[PDB]
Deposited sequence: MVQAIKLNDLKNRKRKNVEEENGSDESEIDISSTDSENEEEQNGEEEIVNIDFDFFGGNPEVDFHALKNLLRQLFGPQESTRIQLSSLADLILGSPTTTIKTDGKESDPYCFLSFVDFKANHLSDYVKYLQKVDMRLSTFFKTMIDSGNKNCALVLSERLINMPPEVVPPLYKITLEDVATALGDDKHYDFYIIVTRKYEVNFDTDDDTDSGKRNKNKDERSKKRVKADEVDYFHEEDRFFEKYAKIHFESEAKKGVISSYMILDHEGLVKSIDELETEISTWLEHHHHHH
C-alpha cells in the first residue's frame, strides 16, 4: 500500500505539538486522568471527575497531542460555562471551597449580566510551557467566534497546583502571571507538599497575562498552530 511505511521513516525523532478540538470519542480517559492530576488525590475524591470530563468535552476545549489525532491528549484547556452549568457537581464543589468563591458567584455573576468561565487547564509535567500562549489564544477564539461580535467571558475561575520545593514553585509557570493580575487569589494548606490554588481573573487580566507570557518559541508556535 504505502511504500513509505516501514522504510526508514522513523530514523529521526519528530516531536510535534499538534492542536485539536476536544474529541468526545477519543479524549475522555486521558482528560479524566489529567483532572486527577490537577485536583490531586484528595480533592479528586470530592468531585465527580467523569461528569466534569463529559462537561469539558461539550465545552470550548483545545488539546495538544504529539502522537496523532487518534492518541491521548497530553495537555488541554477548557472554558466551562458557569451559568449554563450552575447546578453541576463541579459548581457544587467550587461553592464549598471558600466563601470568596461563593460570594463572587452570587454577587458578581448571579447579580446581573456578567459571564464567568470555569477554567480547566492541565498537562503532563514533561510538556513544554511554551505551548500555553497558543493554547489560550485558540481556546479564547473558540469562545469569541461562537459568541460572535468579538464577545468574551468577563471572568475566569482558575484552579491550579503549586508545590513546596523542600520555597514554593509552580507546576504551571503561567500562574505567576495570573496571580499578578488576579482579582482574588487564595490557597489551601499544603498536603504532601502540594498546594491547591484558586484565582479569579477578569478578561483584561487574562489577556495581559498571556501577552506577558509570550516568548520567541510560543510566538513561533502561534504562527504554525492556529485557526483558519
{"property": "Gaps in the model (deposited sequence, numbered from 1)", "result": "1-36, 203-229"}
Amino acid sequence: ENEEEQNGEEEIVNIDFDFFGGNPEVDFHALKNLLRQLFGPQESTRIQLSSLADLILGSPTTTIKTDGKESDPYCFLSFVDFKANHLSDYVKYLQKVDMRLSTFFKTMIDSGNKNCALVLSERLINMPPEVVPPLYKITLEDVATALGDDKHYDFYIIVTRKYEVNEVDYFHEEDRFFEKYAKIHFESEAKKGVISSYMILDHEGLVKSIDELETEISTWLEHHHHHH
From here on, numbers count along this sequence of modelled residues.
| query | finding |
| --- | --- |
| Of 108-116 and 91-99, the one with larger mean CA B-factor | 108-116 |
| Entry-level comparison of average CA B-factors, 218-226 and 1-9, reporting the higher stretch | 1-9 |
| Largest Cα B-factor, entry values, listed residues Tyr198, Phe39, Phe28, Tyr163 | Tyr163 |
| Residue with maximal Cα B-factor (values as given in the PDB entry) among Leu49, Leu57, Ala190, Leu34 | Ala190 |
| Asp149 - which third its CA temperature factor falls in, relative to the rest of the chain | highest |
| Chain-wide C-alpha B factor ranking for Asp142, given as lowest, middle or highest third | middle |
| Chain thirds of CA B-factor: placement of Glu43 | lowest |
| Position of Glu130 among the chain's modelled residues by C-alpha B-factor, lowest, middle or highest third | middle |
| Third of the chain, ranked by Cα B-factor, where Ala53 sits | lowest |
